[PDB]
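> part one of the complex, untouched from its place in the assembly:
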Amino acid sequence: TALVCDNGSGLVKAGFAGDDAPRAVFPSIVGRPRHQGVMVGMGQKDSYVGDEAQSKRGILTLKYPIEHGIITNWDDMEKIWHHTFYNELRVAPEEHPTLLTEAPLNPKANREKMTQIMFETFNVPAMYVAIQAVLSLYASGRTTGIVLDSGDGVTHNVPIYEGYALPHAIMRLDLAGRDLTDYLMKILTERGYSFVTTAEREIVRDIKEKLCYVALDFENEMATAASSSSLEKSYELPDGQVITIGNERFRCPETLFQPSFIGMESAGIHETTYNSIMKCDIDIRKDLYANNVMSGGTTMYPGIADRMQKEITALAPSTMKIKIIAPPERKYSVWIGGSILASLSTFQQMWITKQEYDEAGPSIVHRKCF
C-alpha cells in the first residue's frame, strides 16, 4: 500500500491509501519535561510525542513544530514522522510510498526539506506532496468548487474549475485554530480564568472545541448575552474546579469574520472567499458560488456554514444561488482526498520516485508536485 499523511499544524492524520478514515489521529506536538526528575528506574524518557505528550502534559513544555503551516523545528518533525510510522501506524516507511500534504503559498524550502527527509531519513520508495485544499475537492467527489480549508495554523482558499486550479486567485490567511485558542486565552482572562502555560493552552483548546460556536448575527447574540442565562455554559477543568462562560463562546470564532479582534488587518473568511471568487473568470463564478466546500477542524463550529451562507449571499449578487458544502466528516476530508488520490488508478506516474530524486536532489519536488 501507499501511506497518506496530513501534516496538520495542530493534529497529525495518518493512514493507508484506500482506507475510509485515518488510522492514526494525534497531536502535532513534542513535549520536553521542565521539572528536575528524582525517581531513577521508574521509566523517565527524555522527550514525548503526540498522545503521550498530551497525556503527561502537566510536567512538560509542549511545542508544536508546525506553526502557520510551515515546519519551524525540523528535529521535532523528524520525531513526529518517526512516531507516525513506527509507533502509531506500525509500518516501515522503507517499503511504502507516502502522500504528504502541504498548504498553498508556503516557502519553497518547506517543500524541499520535507521531500529530503522522506528520501534521506525515512528511505521511502516514492513520495508526493499535494496541495491541502484540492484533496478536499477529491473527498467530496467533485471537480469544480471553491474550498475554504481552515485547520489549526492557516486558512486558505483555492478556486478549482473542471479539475484546473486558478493559482492567481488562491489566497492564504495566517489565522485559524491556534489564533482562536490564543484569543480564547486572552478573553477567558476577563472572567478571571488565567490560563498561561503551554499545558493550559490545551485546556483552552478543549474549551474552544466543546463550548464555542459562531453567531448567525454577532450584535444579536451580544444583545442575547446581555440577558445571558441561555448562553452561559459551565466547563470543568482537570483539577475539578469549573469555569462558566457566555459571550466568550461566540466572540472567539467571530475573529474568523472580524480578524481585527486579534489586531490583524485582513478580510474575514466570508470576504476572503468572495474576493477569491471575484478574482476568477466571470463565467466560472456561478459554479463556484454553488460549490463552497468547507474543510479542516476550524470549520467545525456550530453555526459556521449558516453564517458563511448568509455573509456570502450579502456580498454576492442575488441572481444565483449560493450553498455551503460542509460534510460532517470535514475534519478528515483533506486526508480522505489523499486516500482517494493515492489509490486512484492514473496517479502512479505522478509520484516522485527515489531514483528520480537521486538524479536531481530535493528541487525535484517543484517540477512535478504542483
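It's in. Numbers count the residues shown, from 1 in each chain, chains lettered A, B, ... in the order given.
> okay, which residue is most central for chain A?
residue A:151 (2.1 Å; C-alpha atoms, centre = their mean).
> next one: phi and psi at the nearest residue to residue A:364 once chain neighbours are set aside?
Closest residue to residue A:364 apart from its sequence neighbours, by C-beta to C-beta, 6 or more residues apart in numbering: residue A:357 at 5.3 Å. All C-beta atoms are positioned from the backbone trio N, CA, C, and that covers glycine. With angles defined as degrees, to the nearest 10, residue A:357 sits at phi -70, psi -50.
> surely residue A:357 is in contact with residue A:119?
Yes: between residue A:357 and residue A:119 there is a contact under C-beta atoms under 8 Å: 5.0 Å.
> bridging residues for residue A:70?
Beta bridges link residue A:70 to residue A:67 when assigned by DSSP bridges.
> thought it was touching residue A:111?
No: counting by C-beta under 8 Å, residue A:70 stays clear of residue A:111, with 10.3 Å between them.
> the helices in the stretch 151-300 of chain A, which residues?
Here the stretch 151-300 of chain A has its helices, by DSSP state H, counting those that start in this stretch, at A:177-188, A:200-211, A:218-224, A:248-251, A:269-277, A:285-289.
> secondary structure class of residue A:76, three-state.
Secondary structure state of residue A:76, per DSSP: H, G, I helix; E, B strand; the rest coil, is helix.
> state the distance from it to residue A:143.
Distance of residue A:76 to residue A:143, given as C-beta to C-beta, to the nearest Å: 37 Å.
> same check on residue A:241?
Applying C-beta to C-beta to residue A:241 and residue A:143 gives a distance of 52 Å.
> look at the two and report which has more neighbours.
Here residue A:241 and residue A:143 are compared on neighbour count by other C-beta atoms under 10 Å; more neighbours surround residue A:143, at 13 against 8.
> got the contact list for the more buried one?
By C-beta atoms under 8 Å, 6 or more residues apart in numbering, the contact list for residue A:143 reads A:137, A:160, A:162-163.
> just give me the neighbour total for the residue lying closest to residue A:232 once chain neighbours are set aside.
Closest residue in space to residue A:232, ignoring its immediate chain neighbours: residue A:246 at 4.8 Å, by C-beta to C-beta, 6+ apart. Using other C-beta under 10 Å, residue A:246 has 19 neighbouring residues.
> show me how chain A divides into domains.
A:1-26+A:68-133+A:333-366, A:27-67, A:134-180+A:270-332, A:181-269 (CATH domains of a matching chain).
> the second one: end-to-end distance?
Same thing as domain A:27-67. 13 Å (C-alpha to C-alpha, to the nearest Å).
> distance of residue A:22 relative to residue A:4?
Here the criterion is C-beta to C-beta. By it, residue A:22 lies 8 Å from residue A:4.
> okay, and the common contacts of these two?
Taking C-beta under 8 Å, 6+ apart as the contact rule, residue A:22 and residue A:4 both touch A:14-15, A:335.
> attach chain B to the model above:
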Amino acid sequence: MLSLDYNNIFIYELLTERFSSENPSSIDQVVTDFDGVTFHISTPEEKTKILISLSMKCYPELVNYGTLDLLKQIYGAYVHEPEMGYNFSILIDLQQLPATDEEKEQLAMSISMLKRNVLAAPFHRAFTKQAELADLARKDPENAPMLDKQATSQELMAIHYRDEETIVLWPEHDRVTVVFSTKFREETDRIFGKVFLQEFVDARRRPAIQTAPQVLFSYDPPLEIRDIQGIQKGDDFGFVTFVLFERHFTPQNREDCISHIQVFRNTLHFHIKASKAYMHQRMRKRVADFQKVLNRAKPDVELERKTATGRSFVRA
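Chain B, in position alongside the others:
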C-alpha cells in the same frame, strides 16, 4: 444563626416528643411559617391521633405542577382529607408508628419538612424533564437547540408564591434556570437589600465559589420571562437568576439543592434584619470611643472609697 433551618422547628420538636411520649395529651395549635404559610396541628377526635394541616396561598398553582403526586409519594398511607381553611392534611396515629427510634425520627423530620415538600414539586418536574431533554440532546446534538427553545416556554413553571416574589423556572438539556422576581416593600430593607443583592452577584464573580450555580441580576426581567403574567419591568422588582447546571442537581444533591434554593429570599430577608443588630453593635462600640473624648473634659478628682453596695468605707 448564619443559615436558616429548612423545616418547621415547632412541628419537629412536638412530633419528636409525641412519638416518644408514654401518655400523649391533646393539642390545638395553629403555627405560622415564612411566606404567609400556616399549619394547624391538633388531636381532633382522639389524643392518640394528630392531624397536621398546611395552608399556603399558592397551593392551587403547585397542584398544576404535580404536587399531590409528590405528597402522596412522600406521606403515603398518612394522607387525609383537607381540613376546612387548609390546602393539604396528614393524619398520624401514635399507636401506628414505625418500629424504630430512627424511623420515628425521620418521620418527625419528614412531617416538619412539609412546607418545602409541597413547594418541591415544580423543581422535581424541572429536574426530571431536564433528564428527558438531556437524553434527547445526547441522541441528536443538532436538534437540541430547538428542544431547549420550545422547553423555555412549554415547560416553564411560574409560582406567585407571595405577593412580592414570583419564582420562575424551566428545564433545558444541561440546566434548570430559576429566576426570583424579588422585592422588599419595607423601605429600610429595600435600602439594605440593594447592598445584599449587589454583593450576592459580585460574590459569584470571585474564584472561591466558581463551583456554585451561575447567578445574574437586573432591576429589566430576563428575556425568557418578560411575558410571564404578573412579571413587570418598572414595578421596583429585582430579578435574581440562578442557573443550576447538571452538577447542582446530581442524584446525591437534588433534595439539598431544592431545600436550599427555596430558602434564598428568606436567608436574604433574615440577614437584612440581623445586619441591623450588627450595625447597632458597630455603633455602640464607637459611642464608647466618643466617651473617651468627653472624659478628658472631666477634671481629675479622687472619689471617696465605697463598698460593693455603694456604702461609704473608712480605712486606708
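> ok chain B is loaded, check the neighbour count of residue A:246 again?
Applying other C-beta atoms under 10 Å in any protein chain shown, we find 21 residues neighbouring residue A:246.
> about what we covered before: the residue nearest to the centre of chain A: what's it in contact with?
Residue A:151 makes contact with A:8-11, A:69, A:132, A:176-177, A:296-298, A:334, according to C-beta atoms under 8 Å, 6 or more residues apart in numbering or on different chains.
> now with 10 Å?
Residues near residue A:151 by C-beta atoms under 10 Å, 6 or more residues apart in numbering or on different chains: A:6, A:8-11, A:13, A:28, A:66, A:69, A:103, A:132, A:176-178, A:295-299, A:331, A:334.
> just residue A:250 next, same as before
Counting by C-beta under 10 Å, 6+ apart, residue A:250 makes contact with A:211-216, A:218, A:221-222, A:224-225, A:231, A:301-303, A:307.
> and the residue in chain A positioned nearest to chain B, how many residues sit next to it?
For chain A and chain B, the shortest gap (C-beta to the nearest C-beta) falls at residue A:227, measuring 3.9 Å. By the criterion of other C-beta under 10 Å, residue A:227 has 19 neighbours.
> tell me how many other residues crowd the nearest residue to it once chain neighbours are set aside.
Nearest residue to residue A:227, sequence neighbours excluded (C-beta to C-beta, 6 or more residues apart in numbering or on different chains): residue B:223, at 3.9 Å. Neighbours of residue B:223 under the rule other C-beta under 10 Å: 15.
> residue B:223 reaches residue A:220, doesn't it?
No: look at residue B:223 against residue A:220 with C-beta atoms under 10 Å: they stay out of range, at 11.8 Å.
> which one is the residue nearest to the centre of chain A nearest to, not counting chain neighbours?
Nearest non-adjacent residue to residue A:151, counting by C-beta to C-beta, 6+ apart: residue A:296, 4.1 Å away.
> repeat that for residue A:135.
residue A:337 (3.0 Å).
> tell me the domain boundaries of chain B?
Listed by CATH domains of a matching chain, the domain ranges of chain B are B:1-129, B:131-302.
> what sits against residue 254?
Went with chain A since none was named. The contact partners of residue A:254, by C-beta under 10 Å, 6+ apart, come to A:180, A:183, A:212, A:214-215, A:218, A:221-222, A:247, A:261, A:268, A:307.
> wrong one, chain B
B:120, B:123-124, B:127-128, B:248.
> and residue A:65, what are its phi and psi?
Backbone torsions of residue A:65, given as degrees, to the nearest 10, read phi -80, psi -10.
> can you count the residues close to it?
For residue A:65, the count of nearby residues is 20 (other C-beta under 10 Å).
> hang on, isn't it packed against residue A:53?
No: between residue A:65 and residue A:53 there is no contact, the gap being 11.6 Å when judged by C-beta under 10 Å.
> what sits in contact with each of those two?
In contact with both residue A:65 and residue A:53: A:29-30, using C-beta under 10 Å, 6+ apart.
> from the chain's centroid, how far away is the helix or strand containing residue B:54?
Using DSSP states H and E, residue B:54 sits in strand B:49-55. Chain-centre distance of strand B:49-55: 21 Å, with C-alpha atoms, centre = their mean, to the nearest Å.
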